[PDB]
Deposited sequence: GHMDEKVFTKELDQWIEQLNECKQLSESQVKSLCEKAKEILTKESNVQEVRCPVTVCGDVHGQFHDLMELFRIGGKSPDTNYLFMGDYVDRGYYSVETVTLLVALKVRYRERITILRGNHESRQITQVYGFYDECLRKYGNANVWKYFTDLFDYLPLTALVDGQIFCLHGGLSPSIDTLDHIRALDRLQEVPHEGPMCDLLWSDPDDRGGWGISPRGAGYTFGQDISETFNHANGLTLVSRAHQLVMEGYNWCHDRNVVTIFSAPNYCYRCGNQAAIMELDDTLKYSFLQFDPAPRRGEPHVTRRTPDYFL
C-alpha cells in the first residue's frame, strides 16, 4: 500500500530529475530521511556482487552524468557503484546528488553511492555547494539535510571480494579490511586518521608513505598497494578523486586504477571521463566519453 505509492513517487522524482529540474524542499527532506534509513544498515565496506559499473568523480556536472548514463546504460538496468564527489564545483550539484540519492533509495540493490572528500560540511561550503544551494533554494535547509545524509554513506566497497573500491587511498593505520570495518563512519570526516585518508589519499611514483600535495591525507607507493593486496587477498584497488587525462589510469604496476568520470574538468584541462565495467568474468572494460552537448560580452 504505502510502499507502492512511495515507489511511484520515487519513480516520478527520478523522471523529473532526469529533465534537469530540481526537487522541492519537502521532497529533499523526505528523500534524505529515507536515504539515511536505508544507508544506516550498510557497513563501512559494502559487499557488492558482479556485474557492476564502477564510476568515479561526477562533481555536480549533471549533463555529463546523463552522458555517463547514456554510455553504460540506465538504472536499474545497469548496476552502478559511485565513489564520491557528486557536489562541489558542479553547476548542477544539487540535481546530481539528488538523482544519485533517489536512485540509491529506489534501487537500493542496484546502486552503491560511496563517500568522497567533497562530501562534508567543511568542503561543501567553500567550493560552490552551499552557494549553489542558497541560489537554488534561498535557505541552508536542504544543504543541511544533504550534508548530514552524507554521514551515512559507506566509506568503501568490495566487488566480489576481489576489487576494493574506495574514493581515496590506503591508510597508514589500516592494514586489513577489518580495520576499516572497526571505524565509526557516523560522523563528519576528521582532519586526520584512517577515515580522512580513505578519502583524501593519492597514489604516487615514489615508494613508501609520503606527504600529500593537498596537505590532507598521505600518499602510498607501489609496495604499500602490493602489501595491501597480498594481505587482503584481492586483485585490484579501484579509486577516484584524482584528475586523469585519459579518463582512467593504471598505477603501481596494474595494482590500483583511478577512474575519474567527470570530463572537461576545470573546463580548460580537457580531460575525458571513464567508467569501469565488470562482469562475472571480472573483465575490466573501460569506456570513455568526453563530450556533453570568446564570451558574449566579448562577441
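Undergrad: In sequence order, which deposited residues have no C-alpha?
TA: In sequence order, the gaps with no modelled C-alpha are 1-2, 296-305.
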